[PDB]
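S.K.: Input: one structure, supplied below.
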Amino acid sequence: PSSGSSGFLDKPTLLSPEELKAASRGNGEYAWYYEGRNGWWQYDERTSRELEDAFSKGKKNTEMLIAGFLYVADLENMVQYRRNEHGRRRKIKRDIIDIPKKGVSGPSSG
Ligand SMILES: Nc1ncnc2c1ncn2[C@@H]1O[C@H](COP(=O)(O)OP(=O)(O)OP(=O)(O)O)[C@@H](O)[C@H]1O
């Protein structure tokens, strides 16, 4: 016996199933982002680990604290909003780190 429900599934794209998997498995890292004024900006490692655990637990939305506010992170539509707000919402996403050249170096003697 077997099923398509025995594995994970990704959001839509213009790429292929062998591209999305390769972008992830080529490093095995992860990060979360949200749309600010000038583009996508990364969450704190304190915070993004809570978002990363929520889709792994099975919940459809989780909660997080910031500079002075509680934001509800919805995993279904990939957005954030305040607990009292039903309509107005800001975009979030998952992404992967590629690692800089600073990750490669010689022996401790030089
Ligand atoms: N995902 C987030 N992580 C951390 N801080 C956030 C996040 N979303 C909002 N903030 C910050 O919390 C503060 C208030 O956010 P709020 O959503 O009220 O801003 P806003 O006035 O609606 O912004 P804008 O109209 O520019 O989108 C701002 O300093 C904002 O950058």
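We name chains A, B, ... following the order of the structure tokens; residues begin at 1 in each chain, and ligands are numbered from 1 as shown.
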Out of chain A, which residues get helix (DSSP H, G or I) from DSSP, as a list in words?
M.R.: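 Secondary structure check on chain A, helix (DSSP H, G or I): residues 4, 5, 6, 17, 18, 19, 20, 21, 22, 23, 24, 25, 45, 46, 47, 48, 49, 50, 51, 52, 53, 54, 55, 56, 57, 101, 102 and 103 of chain A.
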S.K.: Okay, now the selection with C-alpha atoms, as an mmCIF file, in the first residue's frame?
M.R.:
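Just written: again07.cif:
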data_model
loop_
_atom_site.group_PDB
_atom_site.id
_atom_site.type_symbol
_atom_site.label_atom_id
_atom_site.label_comp_id
_atom_site.auth_asym_id
_atom_site.auth_seq_id
_atom_site.Cartn_x
_atom_site.Cartn_y
_atom_site.Cartn_z
ATOM 1 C CA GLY A 4 0.316 10.859 -2.101
ATOM 2 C CA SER A 5 -0.564 11.823 1.535
ATOM 3 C CA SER A 6 2.511 9.799 2.786
ATOM 4 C CA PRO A 17 9.743 19.315 -9.088
ATOM 5 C CA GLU A 18 13.496 18.589 -9.616
ATOM 6 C CA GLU A 19 14.437 22.337 -9.231
ATOM 7 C CA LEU A 20 12.567 23.088 -5.949
ATOM 8 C CA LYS A 21 13.938 19.910 -4.312
ATOM 9 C CA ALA A 22 17.503 20.773 -5.551
ATOM 10 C CA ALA A 23 17.318 24.387 -4.196
ATOM 11 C CA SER A 24 16.587 22.912 -0.711
ATOM 12 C CA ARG A 25 18.671 19.663 -0.618
ATOM 13 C CA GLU A 45 16.506 33.103 14.551
ATOM 14 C CA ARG A 46 14.511 33.390 17.854
ATOM 15 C CA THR A 47 11.293 33.837 15.801
ATOM 16 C CA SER A 48 11.740 31.941 12.482
ATOM 17 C CA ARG A 49 12.256 28.633 14.373
ATOM 18 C CA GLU A 50 8.650 28.974 15.717
ATOM 19 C CA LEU A 51 7.283 29.399 12.152
ATOM 20 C CA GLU A 52 9.461 26.468 10.928
ATOM 21 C CA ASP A 53 8.104 24.236 13.784
ATOM 22 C CA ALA A 54 4.406 25.059 13.120
ATOM 23 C CA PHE A 55 4.087 23.424 9.637
ATOM 24 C CA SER A 56 6.139 20.525 11.132
ATOM 25 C CA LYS A 57 3.668 20.141 14.098
ATOM 26 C CA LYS A 101 32.827 31.891 0.598
ATOM 27 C CA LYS A 102 33.660 32.818 4.275
ATOM 28 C CA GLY A 103 32.461 29.211 5.090
#
S.K.: Neighbours of ligand 1 at 10 Å or closer, counting only C-alpha atoms and all ligand atoms: which residues, as a VMD selection string?
M.R.: chain A and resid 32 to 38 41 to 44 47 to 48 64 to 73 79 to 82 88 to 92
S.K.: So what do you get for atom CA of residue 11 of chain A versus atom CA of residue 76 of chain A, distance-wise?
M.R.: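 If I compute the distance from atom CA of residue 11 of chain A to atom CA of residue 76 of chain A, I get 9.8 Å.
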S.K.: Grab the atom CA of residue 60 of chain A to atom CA of residue 94 of chain A distance for me, in Å with one decimal place.
M.R.: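 We find that atom CA of residue 60 of chain A and atom CA of residue 94 of chain A lie 14.8 Å from each other.
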S.K.: Would you pick out the contacts of residue 29 of chain A at 7 Å or less, using only C-alpha atoms, so that residues sharing its chain but fewer than 2 positions from it are not included, and give the list as an mmCIF file with C-alpha atoms, in the first residue's frame?
M.R.:
data_model
loop_
_atom_site.group_PDB
_atom_site.id
_atom_site.type_symbol
_atom_site.label_atom_id
_atom_site.label_comp_id
_atom_site.auth_asym_id
_atom_site.auth_seq_id
_atom_site.Cartn_x
_atom_site.Cartn_y
_atom_site.Cartn_z
ATOM 1 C CA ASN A 27 22.323 23.116 1.346
ATOM 2 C CA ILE A 96 17.017 28.650 1.822
ATOM 3 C CA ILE A 97 20.573 29.886 2.526
#
